[PDB]
Structure formats: C-alpha cells, structure tokens
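Reading through the structure tokens given below for one structure.
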Amino acid sequence: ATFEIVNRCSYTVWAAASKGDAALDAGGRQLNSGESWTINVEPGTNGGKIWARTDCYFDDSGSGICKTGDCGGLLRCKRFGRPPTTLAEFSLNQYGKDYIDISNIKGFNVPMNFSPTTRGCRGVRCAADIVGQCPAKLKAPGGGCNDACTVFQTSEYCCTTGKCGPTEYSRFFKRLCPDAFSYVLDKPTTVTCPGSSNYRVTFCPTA
C-alpha cells in the first residue's frame, strides 16, 4: 500500500512510521513546509502508526531528540514515539478489509487528516486547536497536549482493568475531535476501507 505523507504546516515536522517493533519504509524523514513523502507499507501490516514529531535536532548519524513524538532519539523510527502524538493508525488487509483511524489516546501535537486516495470509504480528521485549548494539567512543556493516562498513570485514565469510562479529560479531546479516539474504550471511530487501499496523511490540513 502507498501512503503519501504531506506536511501542510508552516513549520518543519519529522514524520515517523512504525509498527512498534520495526520501521515502516525508511521509518522517518524531515518534511519542510509543503513537502510530501511517499512510503510503501507491506500488505497485511497490522498496527501501523504514522505521526509527526516537532522541534527535532539530529546529527549526521540520525541520532538526536524531538520535543514531541521522539522514538528513542532516532530519525528513522523503529518504535513508537513519546506522547503527545496525534496518531494515524491502520491495519491493512485484515480479512479483505483495511481499518484506519485517528487517535488522541496518546495525546495531540499536530492536527491531521487521514484520507484514502482510492475509492470506497471516507477519511477522518482531527484539525481543531487542541494545543491552544489544552487544559492546564495536560499541557506538555515541549508543546502539545498530553492524554490523562500519560500524565496521571491511573487505572481509570489508562483503562488498565479493561473497564473504564470517559473522563473530564477524554471528553475534552472528544469535544474538539469527535472523529478521533479519546480514550481506550471510546465508541470506535474506525473507518473500514477496501483491502489494499492507498492513503494520504496530511499534517495541518486546514491551516
């Protein structure tokens, strides 16, 4: 499957793509404002994620630090990134179907649109100003808006027992972005697409 990753933000982001134990394609790349990066993701990939990282410094060996989404200090991510990270999530060719979603379960750093470039399903978007509106206790100094599990580490926020309800904090993410997961047991906003669809992830889709 082909993913075009487009940075429409006015600032540079460092895109990342991983399935948790391995990079997807190169795993990460700088995207200046306007730049597009096309990656190929193997069919049948389960649990892939794409996200943006902000305010990164890397040396010539690809080692460094980012203020949001850092994946162990590497330009080319092999693992998932440190919250807060708006997440494009996908499982491909699962019994003939692709499944995509946007998740705020690990917080929010960059607005995002996640849309198919082929026919047969709708896209999803979380483009509200969540950082600007972020509750005081969830604000991340590096930028972005943390989820409550990351901040407070309770069974309720993290849904550790498999039973949990919405919270004041999850309802904040849900109010601004209804089409993104706001907590683990949120009513699913997953979109079902034809197997082997292709996609575009756009950072800062509106502004």
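Here's how to read the names in the structure tokens: chain A, B, ... by the order shown, residue numbers from 1 in each chain, ligand numbers from 1 in the order shown.
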Do you have, as a Markdown table, the list of residues of stretch 102-125 of chain A lying at most 12 Å from stretch 160-182 of chain A, each with its nearest atom pair and that distance in Å to one decimal, counting only C-alpha atoms and ordered by chain then number?
```
| residue | atom | partner | partner_atom | distance |
| --- | --- | --- | --- | --- |
| A:102 | CA | A:180 | CA | 4.9 |
| A:103 | CA | A:181 | CA | 4.5 |
| A:104 | CA | A:182 | CA | 5.2 |
| A:105 | CA | A:182 | CA | 5.4 |
| A:106 | CA | A:182 | CA | 8.8 |
| A:107 | CA | A:173 | CA | 8.5 |
| A:108 | CA | A:173 | CA | 8.7 |
| A:111 | CA | A:177 | CA | 10.0 |
| A:112 | CA | A:180 | CA | 10.4 |
| A:113 | CA | A:179 | CA | 10.6 |
| A:114 | CA | A:180 | CA | 10.7 |
| A:122 | CA | A:179 | CA | 11.5 |
| A:123 | CA | A:179 | CA | 9.8 |
| A:124 | CA | A:179 | CA | 6.3 |
| A:125 | CA | A:179 | CA | 6.7 |
```
Write out as CSV a residue-level contact list of stretch 49-111 of chain A versus stretch 192-207 of chain A with cut-off 10 Å: for each qualifying residue the closest pair of atoms and the distance in Å to one decimal, counting only C-alpha atoms, rows sorted by chain and residue number upward.
```
residue,atom,partner,partner_atom,distance
A:50,CA,A:201,CA,8.1
A:51,CA,A:203,CA,8.8
A:52,CA,A:203,CA,7.6
A:86,CA,A:203,CA,9.9
A:88,CA,A:201,CA,7.6
A:91,CA,A:195,CA,9.7
A:92,CA,A:195,CA,6.6
A:93,CA,A:195,CA,4.9
A:94,CA,A:195,CA,7.4
A:95,CA,A:195,CA,8.1
A:96,CA,A:195,CA,4.9
A:97,CA,A:195,CA,4.1
A:98,CA,A:195,CA,4.8
A:99,CA,A:192,CA,4.9
A:100,CA,A:192,CA,6.7
A:101,CA,A:192,CA,9.1
A:110,CA,A:203,CA,6.7
A:111,CA,A:204,CA,4.9
```
Write out as a tab-separated table (two decimals) with N, CA, C and O atoms, in the first residue's frame the residues lying within 7 Å of stretch 11-19 of chain A, counting only C-alpha atoms and excluding same-chain residues fewer than 3 positions away.
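Final output, around_4.tsv:
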```tsv
chain	number	residue	atom	x	y	z
A	22	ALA	N	9.33	-2.36	14.42
A	22	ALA	CA	10.05	-2.20	13.16
A	22	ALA	C	9.60	-0.91	12.49
A	22	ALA	O	8.45	-0.49	12.63
A	23	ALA	N	10.53	-0.31	11.74
A	23	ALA	CA	10.17	0.82	10.90
A	23	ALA	C	9.22	0.38	9.79
A	23	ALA	O	9.21	-0.79	9.39
A	24	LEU	N	8.40	1.31	9.32
A	24	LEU	CA	7.69	1.17	8.05
A	24	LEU	C	8.43	1.99	7.01
A	24	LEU	O	8.64	3.19	7.21
A	27	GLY	N	11.03	4.70	7.92
A	27	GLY	CA	10.72	4.92	9.31
A	27	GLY	C	10.64	6.37	9.72
A	27	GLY	O	9.96	6.69	10.69
A	28	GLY	N	11.33	7.27	9.02
A	28	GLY	CA	11.22	8.66	9.42
A	28	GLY	C	11.94	9.57	8.45
A	28	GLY	O	12.90	9.15	7.81
A	29	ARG	N	11.49	10.82	8.35
A	29	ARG	CA	12.09	11.76	7.42
A	29	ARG	C	11.70	13.17	7.81
A	29	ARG	O	10.60	13.41	8.30
A	30	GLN	N	12.61	14.11	7.58
A	30	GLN	CA	12.25	15.52	7.69
A	30	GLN	C	11.28	15.92	6.57
A	30	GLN	O	11.45	15.53	5.42
A	31	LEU	N	10.27	16.72	6.92
A	31	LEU	CA	9.34	17.30	5.96
A	31	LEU	C	9.28	18.79	6.22
A	31	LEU	O	8.65	19.24	7.19
A	32	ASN	N	9.90	19.58	5.34
A	32	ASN	CA	9.69	21.01	5.41
A	32	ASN	C	8.25	21.33	5.01
A	32	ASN	O	7.52	20.49	4.48
A	33	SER	N	7.86	22.58	5.25
A	33	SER	CA	6.52	23.03	4.92
A	33	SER	C	6.22	22.83	3.44
A	33	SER	O	6.92	23.38	2.58
A	47	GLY	N	-1.39	-2.89	12.88
A	47	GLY	CA	-0.96	-1.97	13.93
A	47	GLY	C	0.11	-0.98	13.52
A	47	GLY	O	0.98	-0.64	14.32
A	48	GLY	N	0.07	-0.51	12.27
A	48	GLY	CA	0.97	0.54	11.87
A	48	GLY	C	0.47	1.90	12.34
A	48	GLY	O	-0.73	2.13	12.53
A	49	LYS	N	1.42	2.80	12.57
A	49	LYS	CA	1.09	4.15	13.01
A	49	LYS	C	1.97	5.14	12.27
A	49	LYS	O	3.15	4.86	12.01
A	50	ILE	N	1.40	6.29	11.95
A	50	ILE	CA	2.15	7.42	11.40
A	50	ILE	C	1.88	8.61	12.31
A	50	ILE	O	0.75	8.78	12.80
A	51	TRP	N	2.91	9.42	12.56
A	51	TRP	CA	2.76	10.61	13.39
A	51	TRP	C	3.82	11.62	13.00
A	51	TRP	O	4.78	11.31	12.28
A	52	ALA	N	3.64	12.85	13.48
A	52	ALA	CA	4.62	13.91	13.30
A	52	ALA	C	5.39	14.11	14.59
A	52	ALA	O	4.87	13.89	15.69
A	53	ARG	N	6.65	14.49	14.44
A	53	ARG	CA	7.47	14.91	15.57
A	53	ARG	C	7.84	16.37	15.35
A	53	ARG	O	8.03	16.80	14.21
A	54	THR	N	7.93	17.13	16.43
A	54	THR	CA	8.23	18.55	16.32
A	54	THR	C	9.52	18.88	17.06
A	54	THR	O	9.92	18.18	17.99
A	77	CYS	N	12.48	5.99	12.85
A	77	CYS	CA	11.84	5.33	13.98
A	77	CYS	C	11.67	3.83	13.76
A	77	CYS	O	11.16	3.40	12.72
A	78	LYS	N	12.08	3.04	14.75
A	78	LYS	CA	11.75	1.62	14.81
A	78	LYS	C	10.65	1.32	15.81
A	78	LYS	O	9.98	0.29	15.68
A	79	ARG	N	10.47	2.19	16.80
A	79	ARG	CA	9.45	2.01	17.82
A	79	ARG	C	8.50	3.20	17.79
A	79	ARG	O	8.71	4.17	17.05
A	80	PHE	N	7.45	3.12	18.60
A	80	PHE	CA	6.50	4.22	18.66
A	80	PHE	C	7.10	5.40	19.42
A	80	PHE	O	8.08	5.29	20.16
```
Open item on the list: Can you pull out the residues contacting stretch 131-138 of chain A? Cut-off 7 Å, using only C-alpha atoms, and skip same-chain residues under 5 positions away; I want them as a PyMOL selection string.
Closed with: chain A and resi 109+144-148+151
Go ahead and write the residues just picked, N, CA and C atoms, as an mmCIF file, in the first residue's frame.
```cif
data_model
loop_
_atom_site.group_PDB
_atom_site.id
_atom_site.type_symbol
_atom_site.label_atom_id
_atom_site.label_comp_id
_atom_site.auth_asym_id
_atom_site.auth_seq_id
_atom_site.Cartn_x
_atom_site.Cartn_y
_atom_site.Cartn_z
ATOM 1 N N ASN A 109 -0.364 16.485 19.192
ATOM 2 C CA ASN A 109 0.657 17.504 18.980
ATOM 3 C C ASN A 109 0.449 18.285 17.692
ATOM 4 N N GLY A 144 2.245 20.662 22.670
ATOM 5 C CA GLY A 144 1.271 19.592 22.587
ATOM 6 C C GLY A 144 0.449 19.447 23.849
ATOM 7 N N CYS A 145 -0.498 18.516 23.773
ATOM 8 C CA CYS A 145 -1.488 18.294 24.823
ATOM 9 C C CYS A 145 -1.473 16.811 25.167
ATOM 10 N N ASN A 146 -1.021 16.476 26.379
ATOM 11 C CA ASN A 146 -0.919 15.078 26.783
ATOM 12 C C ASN A 146 -2.299 14.485 27.045
ATOM 13 N N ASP A 147 -2.409 13.169 26.858
ATOM 14 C CA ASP A 147 -3.574 12.466 27.380
ATOM 15 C C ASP A 147 -3.438 12.299 28.890
ATOM 16 N N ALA A 148 -4.568 11.999 29.545
ATOM 17 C CA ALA A 148 -4.575 11.898 31.004
ATOM 18 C C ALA A 148 -3.861 10.647 31.510
ATOM 19 N N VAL A 151 -0.228 11.510 31.805
ATOM 20 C CA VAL A 151 0.046 12.470 32.871
ATOM 21 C C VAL A 151 -0.095 11.823 34.248
#
```
Open item on the list: Let's see if you can do this: from backbone DSSP, list all strand (DSSP E or B) residues in stretch 149-200 of chain A, as a ChimeraX atom specification.
Closed with: /A:180-181,191-194,199-200
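Nearest residue to residue A:9, choosing from A:83, A:141, A:150, A:35 and counting only C-alpha atoms: A:35.
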